[PDB]
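Before any questions on binding or motion, here is one chain by itself as C-alpha cells, the form deposited in one PDB entry.
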C-alpha cells in the first residue's frame, strides 16, 4: 500500500505530531484494542471548508449584519431587535441559553452573527464560530474502526465541533464513503476523505448522543453552511461520540452491519 518503510513506532509518533499542530484544545491518539498505529498519515486537518472548482462561494453583496454594539455584544435578554434572528417565528429567542449551550426548544437552524455585525467576537451568538472547546481523543473501537470520545464531561446542549472537508459539486462527486450533502435548504457536498476535522472519525449510532445543527450566518443563498455537532444527551468522560448518519452522511457511494450497542438498533448496512 504505502508508508511501508515506517515502523509502528515511527507512524504513531508522526500522527501524534500531526495532532499537536492542531489549534485549540488538545487532540490525542489512543489504541488499546489492536496494533494499528494510526489513521492515514496523508490525511490533513483543516479549520474551514476547502472549496473546489465549481463551487460558487457566497456573494458578499447580499451580506447583512445586525445593530447591537452594546458592552459585550448582543443581549440574550433582548432577543428582539437583533436582526440576525428575524427569520425565526414569533417567540424569537437566541439559539443559546445563558450557559452557552444550545437551548432545548431551538430548532434545526441556528442563526449566528457575522463579520458585518457590530458585535465583538465575544458575542453570545458566535458559539460555533469560536470553535471547539472540549479536549477530544481519537481511539480504536472494538468493531467500528476509529472513533472519537471526550475527556471532559459534556452536558446536553454543549457544542462539540463542525464537520469539515472539501466542498464539491455533484459532477465532481461523480468523477471521484464520507459524503455529507448540504441538503438542508433546497447541490454541494462535503467530502472529508483527504481533508477534514476530528469529526471525520465520529461513528454512527441508532441512539446517538450528539446531533447536527445547521448554523447559518450568510444572508444569501444557503448553499454553504456550518454542520455543527451539539450534544443531545449528557456525555461522560471517555464516552464515544456518535450521531445518526441517516439523512445526513452517506452509508455507501456485500456491505457491513451496524455495530452500535443500542437496544433499539435498527441495523443499517455500510
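Numbering follows the first chain given and starts at 1. Whichever C-alpha set is largest while still superposing within 1.5 Å between the two forms counts as the rigid core.
In the comparison with other entries of the same protein, residue 25 is given coordinates in all of those covering both sides of it, so it never reaches the one-third threshold.
Across the other compared structures of the same protein with both neighbouring residues present, residue 70 lacks coordinates in at least a third. Unmodelled residues of the deposited sequence between residue 122 and residue 123: none, the chain being continuous.
Checked against the record, the higher mean CA B factor of 237-245 and 56-64 lies with 56-64. For the pair 204-212 and 217-225, the mean B factor over Cα atoms is greater in 217-225. Out of 135, 72, 155, 196, the entry records its largest CA B-factor for 72. Sorting 110, 113, 151, 171 by the CA temperature factor given in the entry leaves 171 at the top.
Compared with the other modelled residues of the chain, the Cα B-factor recorded for residue 192 ranks in the middle third.
In the deposited entry, the Cα temperature factor of residue 185 sits in the top third of values across the chain's modelled residues. Compared with the other modelled residues of the chain, the Cα B-factor recorded for residue 11 ranks in the lowest third. Per the PDB record, residue ranking by Cα B-factor puts residue 117 in the middle third of the chain. Among the modelled residues of its chain, residue 131 has a C-alpha B-factor that falls in the middle third according to the deposited record.
Just so it is clear, the following notes concern the form deposited in another entry, a form of the same protein that is not shown.
For the set 225, 201, 45, 245, a Cα shift of at least 2 angstroms between the shown form and the other one, after rigid core superposition, holds for 245 and for no other residue. Figure legend: C-alpha atoms of residue 214 and residue 246, shown here, are separated by at least 3 angstroms less in that other deposited form. In that other deposited form, the Cα atoms of residue 109 and residue 245 sit 3 Å or more nearer to each other than they do here.
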